[PDB]
Ligand SMILES: C[C@]12CC[C@H]3c4ccc(OS(=O)(=O)O)cc4CC[C@@H]3[C@@H]1CCC2=O
Ligand SMILES: C[C@]12CC[C@H]3c4ccc(OS(=O)(=O)O)cc4CC[C@@H]3[C@@H]1CCC2=O
Ligand SMILES: C[C@]12CC[C@H]3c4ccc(OS(=O)(=O)O)cc4CC[C@@H]3[C@@H]1CCC2=O
């Protein structure tokens with residue numbers, strides 16, 4: 001009974017942590033779309049959690065294995081909740097919002113730092129406690145349930161972020177009857193702070209059950225001395241080392257795939273950002289959670305050994321990246337954009353040295369080069385801005401704006417937005433959706449077999465330390481670097497760069513579909529192939545030993 005209570009408490013803690021991270025990400029994403037924060041500052045906010053987690057993950061993982069693990073998890077939850085509550089602090093000190101970096105971001109930085117610090121004991125100590133006292137058949141199932149809760153959590157965080165953004169910022173502080181603005185108003189400001197308070201309260205509540213859980217189920221100097229031999233023992237173990245390398249390469253592939261999958265959908269298939277986020281959050285993430293749970297259930301039900309676990313991991317990786325290779329055939333060509341993909345004469349592929357945002361048809365109009373306000377003409381050719389199309393008059397009809405007397409279009413009306421991709425791209429998008437869902441499920445099928453691989457070949461006293469080292473390696477070598485170079489190589493395929501209000505380079509507005517697809521899919525597939533080779537090596541060594 002105590003083991004089930006611990007499992008429920010750990011699942012609730014995972015849910016709270018995932019909800020907090022999801023709310024942070026979703027809130028920052030919307031804030032980036034309405035407000036203007038320089039990318040360096042949001043990068044600092046992201047990196048504070050990182051340094052806080054990395055500085056203490058190894059210390060906690062090594063020195064908390066022999067201590068009261070449930071109580072250390074409870075303390076970590078309390079620290080996480082306190083840090084999350086500290087993020088919403090500035091709202092209580094800033095003046096009432098009336099309708100950019102000084103002495104007020106310290107609260108956010110400290111809150112993210114403490115939230116990263118409190119995060120460290122949850123996974124290594126919790127999973128080690130779960131594995132030590134559960135039977136070998138049920139340990140995989142319990143780990144699968146915990147990871148399934150972890151994957152699903154951020155969906156609720158995003159939902160809470162949306163609900164909070166639908167509320168006014170000064171709710172509770174200012175009489176709302178005097179507010180005449182609606183969420184559709186460009187000056188509307190959401191109650192960003194409310195979700196942080198809710199997440200902090202949930203994290204604090206999650207620490208209560210661990211004060212009543214026992215240390216085990218049916219001094220510092222010595223640990224410091226044994227630390228160095230233990231690290232060599234873990235890295236002297238070839239199964240653990242090679243699985244660590246395999247997971248590092250595979251997560252280098254996976255983080256890069258996940259980070260730029262929204263943008264790939266929007267750019268390759270012409271979908272809006274909302275649709276791209278929807279198909280990922282409510283379709284791909286459930287598939288990932290189902291794959292993890294299915295892997296755990298398969299491990300439990302058929303009593304799969306370590307060799308079978310390695311075989312399942314290898315098969316899941318192989319059949320996931322094989323299906324990911326199928327996405328190469330599901331590609332639409334670049335949309336007709338005048339001056340970047342085609343000339344103003346409607347001539348197909350134009351080269352680099354001919355990027356002619358100014359033409360004869362729009363010489364009479366003094367247009368801005370930096371502004372990206374795309375309009376779709378009656379001739380099916382998208383123009384960078386209405387000025388560049390030679391449009392002289394604009395008429396607002398209903399929710400739409402129609403431009404007339406567009407000189408470039410006549411070589412003459414146009415609507416707001418990009419022209420839709422006509423020749424079978426929605427069908428290609430549907431096939432992409434199906435294959436991507438199946439690929440996500442297949443890749444997630446091996447998440448728990450690899451986790452069991454990590455645990456069943458080390459000496460039982462070093463499970464927490466091995467989990468800590470694994471988490472540190474995944475964060476440092478896969479979590480941090482993979483987005484950076486994926487983005488850089490992807491940015492090499494940009495055709496038109498937007499700018500922020502301060503003149504700094506913003507997100508790219510137009511990519512080259514072919515080059516973008518090639519880079520994005522090829523990097524993922526190559527890293528996956530390297531991971532498959534390493535998994536084959538792991539399986540060979542397991543068979544040898
Ligand atoms: C990062 C943030 C979005 C908006 C932020 C902000 C924006 C302008 C601002 O104006 S400032 O002149 O006081 O610097 C202060 C702040 C304080 C932190 C605040 C939020 C904390 C959580 C969050 O999602
Ligand atoms: C009031 C404010 C200016 C911009 C504000 C803003 C603007 C859009 C926004 O996006 S929204 O989706 O929540 O509507 C959120 C916020 C959150 C508060 C934020 C600042 C805090 C201090 C400040 O000077
Ligand atoms: C379960 C997992 C976390 C993230 C997972 C994921 C997340 C989004 C995704 O697709 S996505 O479009 O939603 O970005 C695919 C996948 C494939 C499996 C992948 C990992 C394997 C091991 C792991 O810890």
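We number each residue from 1, going along the chain as drawn.
The deposited model was determined using electron microscopy, 2.6 Å.
Just so it is clear, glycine is given a Cβ too, placed from its N, Cα and C backbone atoms.
The membrane topology recorded in Swiss-Prot places residue 266 on the same side as residue 520. The local packing around residue 387 (disulfide bond), expressed as other Cβ atoms within 10 Å of its Cβ over all shown chains, amounts to 18. Once the 43 unmodelled residues between residue 99 and residue 100 are set aside, the endpoints remain 16 angstrom apart, Cα to Cα. DSSP assigns residue 387 (disulfide bond) to a helical segment in the three-state reduction.
Here the transmembrane segment (103-131) has long-range neighbours at 3, 6-7, 10, 13-14, 17, 20, 41, 44-46, 48-53, 55-57, 60-61, 64-65, 69-70, 72-73, 75-87, 89-90, 93-94, 139, 142-143, 146, 196, 203, 451, 455, 463-465, 467-468, 471, meaning same-chain residues at least 6 beyond its ends whose C-beta is under 8 angstroms from one of its own.
Ranked by the number of CB pairs under 8 Å to the transmembrane segment (276-299), the listed stretches 44-64, 190-214, 234-255, 433-455, 465-490 are led by 433-455.
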